[PDB]
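Novice: pasting an experimental structure, sequence included:
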Amino acid sequence: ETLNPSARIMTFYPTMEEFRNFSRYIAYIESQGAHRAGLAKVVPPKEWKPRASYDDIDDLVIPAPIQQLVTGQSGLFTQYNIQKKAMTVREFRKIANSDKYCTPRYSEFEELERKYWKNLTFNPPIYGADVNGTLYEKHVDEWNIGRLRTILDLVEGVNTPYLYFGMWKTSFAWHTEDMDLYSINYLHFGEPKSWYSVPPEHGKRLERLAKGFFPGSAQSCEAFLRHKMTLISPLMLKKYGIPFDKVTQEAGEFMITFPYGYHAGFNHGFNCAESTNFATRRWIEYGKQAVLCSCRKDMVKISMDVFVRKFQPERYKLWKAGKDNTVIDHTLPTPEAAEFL
Ligand SMILES: [Cl-]
Ligand SMILES: [Zn+2]
Ligand SMILES: [Zn+2]
């Protein structure tokens, strides 16, 4: 409670020594209260690079590019997907940089952010989303998104890497991760990516507001935000007193999302990001209490039995019977942070 009381987005600059152990560094940022914002930025040391160059990926195939059609007014929107046929990075880059789809002229970020919210229902862009793969070279052992080696490995497509090829005005809707897990996002190259976040301790406030604005979606599915179709502007959040923060990610930077941390955002122009999900001992309780989508068969569901028997042996008999009345404290850091406190 005393650490990061304002629950604002924190930025970290680790040394090569600190950076070498991923699991230990996540425990350190939690001891500083980074988790309270629900989103944190990590700038890696200058000497670290995951790949020598990105000049040999023109013929990489994007199997399912998606055209994003948006409908709405007065800060409330719904995004619909149209799956297009397979295209290459070369073909996607030519479309992204053409006069029809390129980034507009602007002086400061606040101007581009106004242009995004004013024009998001016009000229639908194409997002090169959910590409199975990695851009990390084999010999890279530090912060390798393809092999983080957290306790989530005990499960084994949530523990595999994904690529995102963006263009101006492509967006990601308000959501938490599958099973309310953590996530890591690295921006390989190109134009920035802007993020919005709601502290996990205020997450139920956002859900109540969203349920009020979309009553039909709430009856059909309790966890309707997991469909990733709902867009809400910062001005609408301010008008209904929902606490939030904003941050811009640049090429070469990492973004970390925390359990039950709601996030949304947009791409400034042509770029490429890589992501995966991970876990700590603290996630276990969030995973047991996660509210899942019930209207879709193909949804992500992990059995918690293995994590409870291995890390909570005393509580397994009670949990499996239905006697676990544990209340989550969102301000508490992970148990692995003890050495820093
Ligand atoms: Cl390139
Ligand atoms: Zn996400
Ligand atoms: Zn659903």
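Specialist: Here it is on my side, so go on. Numbers count the residues shown, from 1 in each chain. Ligands and ions are numbered 1, 2, ... in the order given.
Novice: from here on, just use CA atoms for contacts and neighbour counts.
Specialist: Fine.
Novice: may I have stretch 297-315 as PDB, with CA atoms only?
Specialist: Extracted in PDB, the C-alpha atoms of stretch 297-315 (Å, rounded to 0.1, in the frame of the first residue of the first chain):
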ATOM      1  CA  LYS A 297     -16.300 -23.400 -27.400                       C
ATOM      2  CA  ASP A 298     -12.700 -22.600 -28.700                       C
ATOM      3  CA  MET A 299     -11.900 -20.300 -25.600                       C
ATOM      4  CA  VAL A 300      -8.700 -20.700 -23.500                       C
ATOM      5  CA  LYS A 301      -9.200 -22.800 -20.300                       C
ATOM      6  CA  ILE A 302      -6.300 -24.200 -18.100                       C
ATOM      7  CA  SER A 303      -6.900 -26.700 -15.300                       C
ATOM      8  CA  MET A 304      -5.600 -25.300 -12.000                       C
ATOM      9  CA  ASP A 305      -5.300 -28.700 -10.100                       C
ATOM     10  CA  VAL A 306      -1.500 -29.100 -11.000                       C
ATOM     11  CA  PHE A 307      -0.600 -25.500  -9.700                       C
ATOM     12  CA  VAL A 308      -2.700 -26.000  -6.500                       C
ATOM     13  CA  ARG A 309      -1.200 -29.400  -5.700                       C
ATOM     14  CA  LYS A 310       2.400 -28.300  -6.300                       C
ATOM     15  CA  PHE A 311       2.400 -24.700  -4.800                       C
ATOM     16  CA  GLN A 312      -0.600 -24.800  -2.400                       C
ATOM     17  CA  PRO A 313      -0.500 -28.500  -0.900                       C
ATOM     18  CA  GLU A 314      -2.300 -27.500   2.300                       C
ATOM     19  CA  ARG A 315      -5.300 -25.900   0.500                       C
END
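Novice: quick check: phi and psi on the nearest residue in space to residue 39 that is not next to it in sequence?
Specialist: Nearest residue to residue 39, sequence neighbours excluded (Cα to Cα, 6 or more residues apart in numbering): residue 257, at 4.7 Å. Taking degrees, to the nearest 10, you get phi -100, psi 150 for the backbone angles of residue 257.
Novice: count the neighbours of residue 257 for me.
Specialist: 26 (other Cα atoms under 10 Å).
Novice: what's the answer for residue 195, then?
Specialist: 17.
Novice: cool, and residue 283?
Specialist: 21.
Novice: how close does it get to ligand 3?
Specialist: For residue 283, the distance to ligand 3 (Cα to the ion, to the nearest Å) stands at 22 Å.
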